[PDB]
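Working notes, beginning with the structure itself.
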Amino acid sequence: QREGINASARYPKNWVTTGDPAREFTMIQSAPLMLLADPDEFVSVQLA
Amino acid sequence: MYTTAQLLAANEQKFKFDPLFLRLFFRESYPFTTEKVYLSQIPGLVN
């Protein structure tokens with residue numbers, strides 16, 4: 001929200017902690033919700 | 001109230017239809033100005 005970029009596919013975020021222990025980070029966040037416009041179009045045939 | 005829930009789906013997936021016979025057979029159409037219609041036929045058949 002600070003960049004107003006919540007709405008996206010992926011999300012990079014690189015950041016570092018302060019203090020005596022100095023250490024950085026790399027970050028990705030995302031939210032896939034893959035869909036099908038025609039759920040009944042495909043037939044899953046379970047072979048046997 | 002904070003439940004907008006936008007969508008983008010209006011799937012039809014509803015029909016399978018093509019006559020093709022009015023196009024295979026009925027290529028010619030004829031409007032009428034007549035209340036009734038005749039349609040005769042002559043058979044040819046000799047000994």
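In the structure tokens, the first chain shown is A, the next is B, and so on; residue numbers restart at 1 for each chain, and ligands run from 1 in the order shown.
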
Closest atom pairs, residues of chain B within 9 Å of chain A, only C-alpha atoms, as a tab-separated table:
```
residue	atom	partner	partner_atom	distance
B:9	CA	A:37	CA	6.7
B:10	CA	A:37	CA	8.4
B:11	CA	A:37	CA	6.5
B:12	CA	A:38	CA	8.8
B:13	CA	A:38	CA	7.3
```

Those residues you just picked out, can you put them in a file as a PDB file, in the first residue's frame with C-alpha atoms?
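Dumped to selection15.pdb:
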```
ATOM      1  CA  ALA B   9     -17.245 -13.815 -16.452  1.00  0.00           C
ATOM      2  CA  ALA B  10     -20.439 -14.049 -18.517  1.00  0.00           C
ATOM      3  CA  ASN B  11     -19.919 -17.492 -20.057  1.00  0.00           C
ATOM      4  CA  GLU B  12     -22.584 -18.505 -22.582  1.00  0.00           C
ATOM      5  CA  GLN B  13     -21.598 -22.133 -23.360  1.00  0.00           C
TER       6      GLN B  13
END
```

Just asking: which residues within chain B are helix (DSSP H, G or I) according to DSSP, as a list in words? residues 21, 22, 23 and 24 of chain B

Please extract the residues of chain A with a backbone DSSP assignment of strand (DSSP E) and present them as an NGL selection string. :A and (12-17 or 23-28)

Exercise: range 5-15 of chain A partners within 6 Å, only C-alpha atoms, chain neighbours under 5 positions left out, as a list in words: residues 24, 25, 26, 27, 28, 29 and 30 of chain A

To one decimal place, how far is CA of residue 33 in chain A from CA of residue 7 in chain B in Å?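 Atom-to-atom, CA of residue 33 in chain A to CA of residue 7 in chain B, that is 12.8 Å.
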